[PDB]
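Have a look below at one chain only, the form deposited in one PDB entry, in structure tokens format.
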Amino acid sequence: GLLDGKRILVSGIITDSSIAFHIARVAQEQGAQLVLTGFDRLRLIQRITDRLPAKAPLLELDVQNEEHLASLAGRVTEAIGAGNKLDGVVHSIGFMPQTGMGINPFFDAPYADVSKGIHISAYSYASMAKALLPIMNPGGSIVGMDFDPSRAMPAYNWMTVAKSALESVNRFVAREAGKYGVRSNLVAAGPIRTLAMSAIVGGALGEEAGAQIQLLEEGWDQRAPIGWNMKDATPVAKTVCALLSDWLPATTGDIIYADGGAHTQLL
């Protein structure tokens, strides 16, 4: 039981192939008691989350919604019972309009689209942290989902910029979480065949974008000194759990790369 009797909030589930779905599964397998947040299609998320090895309360959270955020702590302690706190929080949320990643030239994304992408993808990590730290235990852990934005890449465009912003927000959240005895870190994952990701390689964001994404994926397994399996999200789920646990107690403001080692190799 890596996570025995820890209370952990997990966001961002939308299908059975969401990274957050696998994080939640492995975390329960490891003894965690979960609270889940969902966006928009709540009856759908309910139905999907019913397949986790245990039951967990579902709460609505639109990360762009001030009221959702203001009432969040209240609604969580209500779901976990008064006088209980969280030990962990998982941010697994990402969004960039059409316009900002894919077929569209980089120069043609209007700022409103880019601003929305950054709001949901980078800023919400801070506002989740702000809403949840008052109800977190010493020794607690905040983990967010990242990918390595340190070099530019085709197709991902403004989404990459959003991750650069996220990494930076993470170092600041760490300063705040520290006052609570709480850690803040990101997991940088390699590419994973979620529903949306597979749609994009199928050409949902245009044919040039699809081809480039596919090249990025093939290259990944080659560079990774231990290989990369894009259809298996469990290696990244385990990494997040490692961070939710007591076994990385001196790591914060930081990034753990669950990417097969690909980023450490040129080719």
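In this text, rigid core is short for the largest set of C-alphas that superpose within 1.5 Å between two forms. The first residue of the sequence shown is number 1, and the count goes up from there.
**Student:** Tell me which stretch has the larger mean Cα B-factor in this entry, 66-74 or 236-244.
**Tutor:** Mean B over CA atoms: larger for 66-74.
**Student:** Looking at the entry, does 118-126 or 97-105 show the higher mean C-alpha B-factor?
**Tutor:** According to the PDB entry, the answer is 97-105.
**Student:** For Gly31, does the deposited CA B-factor place it in the lowest, middle or highest third of the chain?
**Tutor:** CA B-factor rank for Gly31: middle third.
**Student:** For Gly81, return the chain-relative third of its C-alpha B-factor as stated in the PDB record: lowest, middle or highest.
**Tutor:** Tercile = highest for this residue's CA B-factor.
**Student:** Name the third of the chain's ranked CA B-factors that contains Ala189, choosing lowest, middle or highest.
**Tutor:** Lowest third.
**Student:** Give the position of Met197 by CA B-factor within its chain, expressed as the lowest, middle or highest third.
**Tutor:** It falls in the top third of the chain.
**Student:** Split the chain's modelled residues into thirds by Cα B-factor; is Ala262 in the lowest, middle or highest one?
**Tutor:** It falls in the bottom third of the chain.
The discussion below concerns the form deposited in another entry, not included here.
**Student:** Where does the C-alpha shift reach 2 Å or more between this form and the one not shown among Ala242, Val201, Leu52, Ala224, given a fit on the rigid core?
**Tutor:** Correct option: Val201.
**Student:** Superpose on the rigid core, then tell me if the C-alpha of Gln214 is displaced by 2 angstroms or more between this form and the one not shown.
**Tutor:** Comparing forms between this form and the one not shown, the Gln214 CA shifts at least 2 Å.
**Student:** Look at the CA atoms of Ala152 and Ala204: state whether they lie closer or farther apart in the other entry than in this form, given a difference of 3 Å or more.
**Tutor:** Relative to the displayed form, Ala152 and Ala204 draw closer in the other entry - a change of at least 3 Å between their C-alphas.
**Student:** Versus the form shown, are the CA atoms of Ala204 and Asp113 closer or farther apart in the other entry, given a shift of 3 angstroms or more?
**Tutor:** Result: closer.
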